[PDB]
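Asker: The data below comprise the sequence and an experimental structure of the protein.
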Amino acid sequence: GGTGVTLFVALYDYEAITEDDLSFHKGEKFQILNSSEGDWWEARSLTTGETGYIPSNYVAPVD
């Protein structure tokens, strides 16, 4: 299957409060690195290259 290769885009801005979490703008895209451990996914920003956690309800599949 093709589950892991789905890319996601932020629907909303988010401002992180800890160094391990990513800040992002609406419209920025992500590769998801780990999504098996709750509401927060580990992700790679396709805009900045930074990796960290993001609140998964802020993002949606790109298409």
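Answerer: Great, that's in hand. Numbering: from 1, shown residues only.

Asker: doesn't residue 61 make contact with residue 8?
Answerer: Yes - assessed by Cβ atoms under 8 Å, residue 8 is found in contact with residue 61 at 5.9 Å. Backbone N, C-alpha and C define where each C-beta goes, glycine included.

Asker: With neighbour numbers in mind, choose between the two.
Answerer: Per other Cβ atoms under 10 Å, whichever of residue 8 and residue 61 has more neighbours is residue 8, with 21 against 9.

Asker: Which residue, other than its chain neighbours, is closest to residue 34?
Answerer: residue 42 (4.0 Å; Cβ to Cβ, 6 or more residues apart in numbering).

Asker: helices or strands next to the helix or strand hosting the one you found in the packing?
Answerer: Using DSSP states H and E, residue 42 maps to strand 40-45. Other helices and strands packing on strand 40-45, by 3 or more Cβ pairs under 8 Å, 6 or more residues apart in numbering; DSSP states H and E, are strand 29-34, strand 51-55.

Asker: what sits up against stretch 39-49?
Answerer: 7-8, 21-22, 24, 28-35, 50-57, 59 (Cβ atoms under 8 Å, 6 or more residues apart in numbering).

Asker: Just the buried ones from those?
Answerer: 8, 21-22, 24, 28-30, 32, 51-54, 56, 59 (16 or more other Cβ atoms under 10 Å).
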